[PDB]
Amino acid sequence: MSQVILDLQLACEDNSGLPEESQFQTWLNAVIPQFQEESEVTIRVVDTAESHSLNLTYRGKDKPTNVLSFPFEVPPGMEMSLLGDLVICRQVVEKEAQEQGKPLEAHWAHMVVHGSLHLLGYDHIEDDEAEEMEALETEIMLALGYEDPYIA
């Protein structure tokens, strides 16, 4: 099997100019299935304020970020398909894509791809650990038809 049930939550004042739910679905299929097959993730797009708040109260960082990853812990001895949530700030994503001169769409995809990896247990604090994650990101991204966000 291969199935990623997506719960897309648009929680911005506007909600216009965001990726189509099918796009998120597409990006999600290129990252998760190959690790869980049967799974489901929630992804809510928010505004700087909420992001700022979530980031400060859960990561202890006074500022908004592009992607907050909240991986679901599975209680010892339990079958669970729920992977966690991705909180993506549209303001940050749009600003970054502009500063890095990347296609807004390609950056969004990167956000859910990177985020999804964090949901699956990947991290990038340790050089070796990061090397493995970026390798995967690059791979997934090329397979989606976007340029490799790395190699700069």
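Residue positions are given as counts along the sequence shown, with the first one as 1.
- Compare the mean C-alpha B-factor of 90 to 98 with that of 106 to 114 as given in the PDB entry, and name the stretch with the higher value. Going by the record's values, the stretch with the higher mean is 90 to 98.
- Residue range whose averaged C-alpha B-factor is higher in the record, 79 to 87 or 42 to 50: Looking at the recorded C-alpha B-factors, 79 to 87 comes out higher on average.
- Query: Within this chain, which third does the Cα B-factor at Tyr58 fall in: lowest, middle or highest?
  - Reply: Middle third, going by the recorded CA B-factors of the chain.
- Relative C-alpha B-factor of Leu119, binned into the chain's lowest, middle or highest third: Within its chain, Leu119 is a middle-third residue by C-alpha B-factor, going by the deposited values.
- Message: Splitting the chain's C-alpha B-factors into thirds, which one does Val67 fall into?
- Response: Lowest third.
- Query: By the record's CA B-factor, is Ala130 among the lowest, middle or highest third of residues in the chain?
  - Reply: Tercile = highest for this residue's CA B-factor.
- Query: Lowest, middle or highest third: where is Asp14 by Cα B-factor in its chain?
  - Reply: Its C-alpha B-factor, which the entry lists for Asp14, ranks in the highest third among residues of this chain.
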